[PDB]
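Have a look at coords.cif; it's mmCIF, N, CA and C atoms:
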data_structure
loop_
_atom_site.label_atom_id
_atom_site.label_comp_id
_atom_site.auth_asym_id
_atom_site.auth_seq_id
_atom_site.Cartn_x
_atom_site.Cartn_y
_atom_site.Cartn_z
N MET C 1 0.93 -11.43 21.54
CA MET C 1 1.62 -11.76 20.27
C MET C 1 0.78 -11.19 19.11
N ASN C 2 1.31 -10.18 18.41
CA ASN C 2 0.63 -9.57 17.25
C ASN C 2 0.50 -10.59 16.11
N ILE C 3 -0.73 -11.10 15.92
CA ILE C 3 -1.05 -12.19 14.97
C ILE C 3 -1.00 -11.69 13.50
N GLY C 4 -0.91 -10.36 13.32
CA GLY C 4 -0.77 -9.73 11.99
C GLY C 4 0.65 -9.82 11.42
N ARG C 5 1.22 -11.06 11.41
CA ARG C 5 2.52 -11.36 10.78
C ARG C 5 2.34 -11.52 9.26
N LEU C 6 3.47 -11.60 8.55
CA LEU C 6 3.50 -11.56 7.09
C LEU C 6 3.07 -12.93 6.53
N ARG C 7 1.91 -12.97 5.84
CA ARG C 7 1.38 -14.19 5.20
C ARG C 7 1.33 -14.05 3.66
N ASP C 8 1.10 -12.83 3.17
CA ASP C 8 0.82 -12.53 1.76
C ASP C 8 2.05 -11.80 1.14
N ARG C 9 1.87 -11.24 -0.08
CA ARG C 9 2.88 -10.35 -0.72
C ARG C 9 2.18 -9.16 -1.39
N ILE C 10 2.88 -8.02 -1.40
CA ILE C 10 2.44 -6.77 -2.05
C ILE C 10 3.52 -6.28 -3.01
N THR C 11 3.10 -5.54 -4.04
CA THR C 11 4.00 -4.99 -5.05
C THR C 11 3.96 -3.45 -4.96
N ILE C 12 5.14 -2.85 -4.78
CA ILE C 12 5.29 -1.40 -4.66
C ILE C 12 5.34 -0.76 -6.05
N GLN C 13 4.29 0.00 -6.38
CA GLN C 13 4.19 0.72 -7.65
C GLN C 13 4.58 2.18 -7.40
N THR C 14 5.85 2.43 -7.68
CA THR C 14 6.43 3.77 -7.60
C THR C 14 6.12 4.49 -8.92
N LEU C 15 5.88 5.82 -8.90
CA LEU C 15 5.38 6.55 -10.07
C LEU C 15 6.56 7.18 -10.81
N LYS C 16 6.90 6.63 -11.98
CA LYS C 16 7.94 7.14 -12.86
C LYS C 16 7.37 8.24 -13.77
N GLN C 17 7.70 9.50 -13.45
CA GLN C 17 7.30 10.68 -14.22
C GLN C 17 8.48 11.13 -15.09
N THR C 18 8.60 10.51 -16.27
CA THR C 18 9.70 10.74 -17.21
C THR C 18 9.30 11.80 -18.23
N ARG C 19 10.05 12.90 -18.28
CA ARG C 19 9.79 14.00 -19.21
C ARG C 19 10.15 13.58 -20.67
N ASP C 20 9.78 14.42 -21.65
CA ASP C 20 10.00 14.13 -23.10
C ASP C 20 11.04 15.12 -23.67
N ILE C 21 11.64 14.78 -24.84
CA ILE C 21 12.65 15.63 -25.55
C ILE C 21 12.03 16.92 -26.18
N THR C 22 10.80 17.25 -25.80
CA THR C 22 10.09 18.47 -26.23
C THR C 22 9.33 18.98 -24.99
N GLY C 23 8.87 17.99 -24.18
CA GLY C 23 8.53 18.21 -22.78
C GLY C 23 7.09 17.99 -22.44
N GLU C 24 6.68 16.73 -22.37
CA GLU C 24 5.47 16.27 -21.66
C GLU C 24 5.95 15.39 -20.50
N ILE C 25 5.12 15.25 -19.46
CA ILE C 25 5.42 14.37 -18.31
C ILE C 25 4.71 13.01 -18.51
N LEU C 26 5.50 11.99 -18.88
CA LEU C 26 5.01 10.62 -19.11
C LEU C 26 4.91 9.91 -17.76
N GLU C 27 3.73 10.04 -17.13
CA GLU C 27 3.44 9.42 -15.84
C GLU C 27 3.07 7.95 -16.08
N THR C 28 3.89 7.09 -15.50
CA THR C 28 3.78 5.63 -15.60
C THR C 28 4.14 5.04 -14.24
N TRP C 29 3.70 3.82 -13.97
CA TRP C 29 3.89 3.19 -12.65
C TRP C 29 4.96 2.12 -12.78
N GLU C 30 6.19 2.46 -12.34
CA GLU C 30 7.31 1.54 -12.34
C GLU C 30 7.08 0.51 -11.21
N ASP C 31 6.48 -0.60 -11.64
CA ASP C 31 6.14 -1.75 -10.80
C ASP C 31 7.45 -2.34 -10.23
N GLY C 32 7.57 -2.40 -8.89
CA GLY C 32 8.89 -2.41 -8.25
C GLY C 32 9.18 -3.68 -7.47
N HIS C 33 9.23 -3.55 -6.12
CA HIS C 33 9.66 -4.63 -5.21
C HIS C 33 8.41 -5.31 -4.64
N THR C 34 8.35 -6.64 -4.68
CA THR C 34 7.23 -7.40 -4.12
C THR C 34 7.67 -8.07 -2.81
N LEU C 35 7.35 -7.43 -1.66
CA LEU C 35 7.82 -7.89 -0.34
C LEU C 35 6.72 -8.58 0.49
N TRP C 36 7.19 -9.15 1.62
CA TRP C 36 6.35 -9.78 2.65
C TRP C 36 5.33 -8.78 3.25
N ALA C 37 4.06 -9.16 3.19
CA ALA C 37 2.93 -8.37 3.71
C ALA C 37 1.89 -9.25 4.38
N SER C 38 0.92 -8.62 5.06
CA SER C 38 -0.33 -9.25 5.49
C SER C 38 -1.47 -8.28 5.11
N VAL C 39 -2.17 -8.57 4.00
CA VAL C 39 -3.15 -7.64 3.40
C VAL C 39 -4.55 -7.94 3.93
N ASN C 40 -5.00 -7.23 4.97
CA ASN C 40 -6.30 -7.49 5.60
C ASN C 40 -7.17 -6.23 5.49
N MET C 41 -8.35 -6.36 4.87
CA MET C 41 -9.32 -5.25 4.80
C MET C 41 -9.89 -4.95 6.20
N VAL C 42 -10.37 -3.72 6.38
CA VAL C 42 -10.89 -3.21 7.67
C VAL C 42 -12.25 -3.81 8.00
N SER C 43 -12.60 -3.74 9.27
CA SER C 43 -13.99 -3.86 9.73
C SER C 43 -14.59 -2.44 9.82
N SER C 44 -15.87 -2.34 10.20
CA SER C 44 -16.52 -1.05 10.47
C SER C 44 -15.88 -0.36 11.70
N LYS C 45 -15.20 -1.15 12.55
CA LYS C 45 -14.59 -0.69 13.81
C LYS C 45 -13.67 0.53 13.61
N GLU C 46 -12.61 0.37 12.79
CA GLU C 46 -11.60 1.43 12.56
C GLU C 46 -12.11 2.53 11.60
N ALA C 47 -13.16 2.23 10.81
CA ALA C 47 -13.82 3.23 9.94
C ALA C 47 -14.63 4.23 10.81
N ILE C 48 -15.59 3.68 11.58
CA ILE C 48 -16.37 4.40 12.63
C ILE C 48 -15.44 5.16 13.61
N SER C 49 -14.30 4.54 13.96
CA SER C 49 -13.29 5.14 14.86
C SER C 49 -12.65 6.39 14.23
N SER C 50 -12.27 6.27 12.96
CA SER C 50 -11.63 7.35 12.19
C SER C 50 -12.69 8.36 11.67
N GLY C 51 -13.98 8.04 11.90
CA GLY C 51 -15.10 8.89 11.52
C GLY C 51 -15.41 8.76 10.04
N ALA C 52 -14.74 9.58 9.21
CA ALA C 52 -14.94 9.61 7.75
C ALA C 52 -13.61 9.83 7.01
N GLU C 53 -12.47 9.72 7.74
CA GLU C 53 -11.13 9.77 7.13
C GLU C 53 -10.83 8.41 6.47
N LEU C 54 -11.01 7.32 7.25
CA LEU C 54 -11.09 5.96 6.71
C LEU C 54 -12.55 5.61 6.42
N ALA C 55 -12.75 4.57 5.63
CA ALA C 55 -14.07 4.13 5.17
C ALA C 55 -14.20 2.61 5.30
N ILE C 56 -15.44 2.13 5.31
CA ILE C 56 -15.73 0.68 5.30
C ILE C 56 -15.30 0.11 3.93
N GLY C 57 -14.27 -0.75 3.94
CA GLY C 57 -13.66 -1.27 2.71
C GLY C 57 -12.21 -0.84 2.52
N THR C 58 -11.72 0.05 3.41
CA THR C 58 -10.29 0.42 3.48
C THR C 58 -9.42 -0.84 3.66
N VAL C 59 -8.37 -0.96 2.85
CA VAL C 59 -7.46 -2.11 2.87
C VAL C 59 -6.23 -1.79 3.73
N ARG C 60 -6.08 -2.49 4.86
CA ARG C 60 -4.87 -2.40 5.71
C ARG C 60 -3.84 -3.42 5.22
N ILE C 61 -2.58 -3.02 5.28
CA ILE C 61 -1.44 -3.77 4.73
C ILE C 61 -0.27 -3.66 5.71
N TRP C 62 0.00 -4.78 6.37
CA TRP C 62 1.00 -4.89 7.43
C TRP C 62 2.29 -5.48 6.87
N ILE C 63 3.38 -4.70 6.90
CA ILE C 63 4.71 -5.12 6.43
C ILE C 63 5.73 -4.83 7.53
N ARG C 64 6.90 -5.48 7.49
CA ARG C 64 8.06 -5.06 8.30
C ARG C 64 8.46 -3.60 7.99
N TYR C 65 9.16 -2.95 8.95
CA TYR C 65 9.45 -1.50 8.89
C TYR C 65 10.21 -1.12 7.60
N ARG C 66 9.53 -0.36 6.73
CA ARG C 66 10.10 0.13 5.48
C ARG C 66 9.65 1.59 5.25
N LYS C 67 10.58 2.55 5.51
CA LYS C 67 10.35 4.01 5.35
C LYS C 67 10.48 4.47 3.87
N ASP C 68 10.55 3.49 2.95
CA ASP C 68 10.72 3.72 1.51
C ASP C 68 9.34 3.87 0.84
N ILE C 69 8.30 3.29 1.48
CA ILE C 69 6.91 3.35 0.98
C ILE C 69 6.39 4.78 1.12
N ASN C 70 5.79 5.31 0.05
CA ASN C 70 5.25 6.68 0.04
C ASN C 70 3.75 6.63 -0.25
N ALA C 71 3.04 7.72 0.08
CA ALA C 71 1.59 7.84 -0.12
C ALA C 71 1.22 7.91 -1.62
N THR C 72 2.18 8.36 -2.45
CA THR C 72 2.01 8.46 -3.91
C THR C 72 2.24 7.11 -4.61
N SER C 73 2.70 6.10 -3.85
CA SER C 73 2.84 4.73 -4.37
C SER C 73 1.45 4.05 -4.39
N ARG C 74 1.33 3.01 -5.22
CA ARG C 74 0.15 2.12 -5.24
C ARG C 74 0.58 0.72 -4.86
N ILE C 75 -0.32 -0.03 -4.22
CA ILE C 75 -0.05 -1.39 -3.78
C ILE C 75 -0.91 -2.38 -4.59
N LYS C 76 -0.25 -3.26 -5.34
CA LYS C 76 -0.92 -4.36 -6.05
C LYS C 76 -0.65 -5.66 -5.31
N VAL C 77 -1.71 -6.39 -4.94
CA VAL C 77 -1.57 -7.65 -4.19
C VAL C 77 -1.17 -8.79 -5.15
N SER C 78 0.12 -9.15 -5.08
CA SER C 78 0.72 -10.23 -5.87
C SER C 78 0.17 -11.62 -5.45
N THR C 79 -0.33 -11.69 -4.21
CA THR C 79 -0.93 -12.90 -3.64
C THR C 79 -1.59 -12.57 -2.29
N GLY C 80 -2.81 -13.09 -2.08
CA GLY C 80 -3.60 -12.82 -0.88
C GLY C 80 -5.10 -12.87 -1.12
N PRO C 81 -5.94 -12.24 -0.24
CA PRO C 81 -7.42 -12.22 -0.39
C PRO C 81 -7.88 -11.33 -1.56
N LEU C 82 -6.97 -10.44 -2.01
CA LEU C 82 -7.20 -9.51 -3.12
C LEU C 82 -6.14 -9.75 -4.22
N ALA C 83 -5.79 -11.04 -4.43
CA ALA C 83 -4.73 -11.46 -5.38
C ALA C 83 -5.09 -11.07 -6.84
N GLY C 84 -4.52 -9.94 -7.30
CA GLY C 84 -4.77 -9.41 -8.66
C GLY C 84 -5.29 -7.97 -8.64
N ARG C 85 -5.84 -7.56 -7.49
CA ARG C 85 -6.38 -6.20 -7.28
C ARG C 85 -5.25 -5.20 -6.99
N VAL C 86 -5.32 -4.01 -7.60
CA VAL C 86 -4.39 -2.91 -7.30
C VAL C 86 -5.12 -1.86 -6.43
N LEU C 87 -4.74 -1.85 -5.16
CA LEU C 87 -5.19 -0.85 -4.18
C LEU C 87 -4.29 0.41 -4.29
N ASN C 88 -4.81 1.56 -3.84
CA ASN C 88 -4.07 2.84 -3.85
C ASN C 88 -3.92 3.32 -2.40
N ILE C 89 -2.78 3.95 -2.06
CA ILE C 89 -2.47 4.32 -0.66
C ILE C 89 -3.17 5.63 -0.31
N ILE C 90 -3.99 5.59 0.75
CA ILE C 90 -4.77 6.75 1.22
C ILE C 90 -4.14 7.31 2.50
N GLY C 91 -4.10 8.65 2.59
CA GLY C 91 -3.48 9.35 3.71
C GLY C 91 -1.96 9.31 3.63
N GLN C 92 -1.33 8.52 4.53
CA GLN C 92 0.14 8.39 4.61
C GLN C 92 0.51 7.01 5.21
N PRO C 93 1.58 6.31 4.71
CA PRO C 93 2.07 5.06 5.34
C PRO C 93 2.64 5.33 6.75
N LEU C 94 1.84 5.00 7.77
CA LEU C 94 2.12 5.34 9.18
C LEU C 94 3.07 4.27 9.79
N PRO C 95 4.33 4.65 10.22
CA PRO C 95 5.27 3.71 10.86
C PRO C 95 4.80 3.29 12.27
N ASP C 96 4.92 1.97 12.58
CA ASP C 96 4.67 1.43 13.93
C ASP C 96 5.52 2.18 14.98
N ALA C 97 4.91 2.46 16.15
CA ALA C 97 5.52 3.26 17.23
C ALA C 97 6.83 2.63 17.76
N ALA C 98 6.86 1.29 17.84
CA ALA C 98 8.05 0.53 18.31
C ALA C 98 9.03 0.25 17.15
N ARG C 99 8.63 0.66 15.91
CA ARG C 99 9.46 0.55 14.68
C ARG C 99 9.70 -0.93 14.27
N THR C 100 8.81 -1.83 14.73
CA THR C 100 8.90 -3.28 14.44
C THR C 100 8.23 -3.61 13.10
N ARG C 101 7.45 -2.65 12.56
CA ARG C 101 6.67 -2.85 11.33
C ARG C 101 6.22 -1.49 10.74
N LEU C 102 5.37 -1.56 9.71
CA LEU C 102 4.86 -0.39 8.99
C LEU C 102 3.36 -0.63 8.67
N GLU C 103 2.50 0.29 9.11
CA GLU C 103 1.06 0.27 8.82
C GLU C 103 0.81 1.00 7.49
N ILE C 104 0.73 0.24 6.39
CA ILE C 104 0.33 0.79 5.09
C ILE C 104 -1.20 0.73 5.01
N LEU C 105 -1.84 1.88 4.83
CA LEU C 105 -3.29 1.97 4.65
C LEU C 105 -3.57 2.35 3.20
N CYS C 106 -4.63 1.75 2.69
CA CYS C 106 -4.99 1.77 1.28
C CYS C 106 -6.50 1.64 1.16
N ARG C 107 -7.00 1.79 -0.05
CA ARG C 107 -8.38 1.44 -0.40
C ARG C 107 -8.35 0.88 -1.81
N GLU C 108 -9.38 0.11 -2.17
CA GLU C 108 -9.58 -0.32 -3.55
C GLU C 108 -9.71 0.88 -4.50
N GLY C 109 -8.89 0.87 -5.56
CA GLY C 109 -8.82 1.94 -6.54
C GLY C 109 -9.83 1.75 -7.66
N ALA C 110 -11.11 1.60 -7.27
CA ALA C 110 -12.24 1.39 -8.19
C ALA C 110 -12.31 2.50 -9.27
N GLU C 111 -11.73 2.19 -10.45
CA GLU C 111 -11.57 3.15 -11.56
C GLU C 111 -12.75 3.07 -12.56
N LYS C 112 -13.70 2.16 -12.30
CA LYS C 112 -14.90 1.98 -13.15
C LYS C 112 -15.80 3.24 -13.05
#

Show me this structure written as structure tokens.
Amino acid sequence: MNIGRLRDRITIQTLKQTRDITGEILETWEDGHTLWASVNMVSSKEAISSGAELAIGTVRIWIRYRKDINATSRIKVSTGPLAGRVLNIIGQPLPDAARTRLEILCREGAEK
């Protein structure tokens, strides 16, 4: 029984790139749908496993199967262990092989 069921919530930040009446690209994050998630950070296990593609501190995010999530989206934790933190999606949102869920991988978007 996969114990990584939905306990928390995540917010899908889709990137609204709206052009201007003279023509600049106004890149803004259209804060979107807040769905059922389980937001669990990695151990050294899957970091060491992935070598240097993933890192120690990578945020894993387990949701039901949603092919709408993109790598250019950002994930803000509406509630959970990182309640208030906005993580950014690294690599690509990898769909579960049996299509029962979606493995969203992220890291803390430390902008300091």

For residue C:37: contacts at 7 Å, only C-alpha atoms, fewer than 3 positions along chain excluded, given as a VMD selection string: chain C and resid 6 to 10 61 to 63

Just asking: which residues within chain C are strand (DSSP E) according to DSSP, as a ChimeraX atom specification? /C:8-19,25-41,58-63,74-79,86-89,94-95,102-108

Go through C:109, C:52, C:13, C:42 one by one, measure the shortest atom-to-atom distance of each to residue C:28 using all atoms listed in the file, and give the residue with the smallest value.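 Among the listed residues, the smallest separation from residue C:28 belongs to C:13.
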
For the structure provided, state which residues fall under the PyMOL selection byres ((chain C and resi 75) around 5), and present them as a ChimeraX atom specification. /C:11,73-74,76-77,86-88

Two-atom distance - atom CA of residue C:58, atom C of residue C:26 (Å):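 Atom-to-atom, atom CA of residue C:58 and atom C of residue C:26 are spaced 27.8 Å apart.
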
Could you write out as a ChimeraX atom specification the residues that the PyMOL selection byres ((chain C and resi 14) around 5) matches in the shown file? /C:12-13,15-16,29-30,73

Between atom C of residue C:92 and atom CA of residue C:66, what distance in Å does the model show, to one decimal?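 These atoms are spaced 11.8 Å apart.
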
So the first atom is atom CA of residue C:55 and the second is atom CA of residue C:1; what is the distance between them in Å, to one decimal place?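 The value is 27.0 Å.
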
Could you name the residues that touch residue C:53 at 12 Å or less, counting only C-alpha atoms, but leaving out those on the same chain fewer than 6 positions away, as a compact mmCIF listing (two decimals) with N, CA and C atoms, keeping the file's coordinate frame?
# COMPACT_ATOMS: atom_id res chain seq x y z
N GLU C 46 -12.61 0.37 12.79
CA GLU C 46 -11.60 1.43 12.56
C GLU C 46 -12.11 2.53 11.60
N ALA C 47 -13.16 2.23 10.81
CA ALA C 47 -13.82 3.23 9.94
C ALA C 47 -14.63 4.23 10.81
N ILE C 90 -3.99 5.59 0.75
CA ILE C 90 -4.77 6.75 1.22
C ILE C 90 -4.14 7.31 2.50
N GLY C 91 -4.10 8.65 2.59
CA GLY C 91 -3.48 9.35 3.71
C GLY C 91 -1.96 9.31 3.63
N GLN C 92 -1.33 8.52 4.53
CA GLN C 92 0.14 8.39 4.61
C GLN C 92 0.51 7.01 5.21
N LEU C 105 -1.84 1.88 4.83
CA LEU C 105 -3.29 1.97 4.65
C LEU C 105 -3.57 2.35 3.20
N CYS C 106 -4.63 1.75 2.69
CA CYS C 106 -4.99 1.77 1.28
C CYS C 106 -6.50 1.64 1.16
N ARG C 107 -7.00 1.79 -0.05
CA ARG C 107 -8.38 1.44 -0.40
C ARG C 107 -8.35 0.88 -1.81

Using only C-alpha atoms for the distances, tell me which of C:49, C:32, C:71, C:85 is nearest to residue C:104. C:71

Is it possible to get the axis-aligned box enclosing stretch 60-66 of chain C (all listed atoms, 5 Å extra per side) as lines of an AutoDock Vina configuration file, with centre and edge lengths in Å rounded to one decimal?
center_x = 2.1
center_y = -1.9
center_z = 6.8
size_x = 26.3
size_y = 17.1
size_z = 14.2

Given the choices C:83, C:69, C:25, C:57, which gets closest to residue C:108 if the distance is worked out from only N, CA and C atoms?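 Answer, going by the shortest atom-to-atom distance: C:57.
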
Among the residues C:79, C:24, C:70, C:19, the one that comes closest to residue C:36 [using only C-alpha atoms]: C:79

From the set C:93, C:78, C:60, C:98, which residue has the shortest atom-to-atom contact distance to residue C:38, counting only C-alpha atoms?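 For residue C:38, the nearest of the given residues is C:60.
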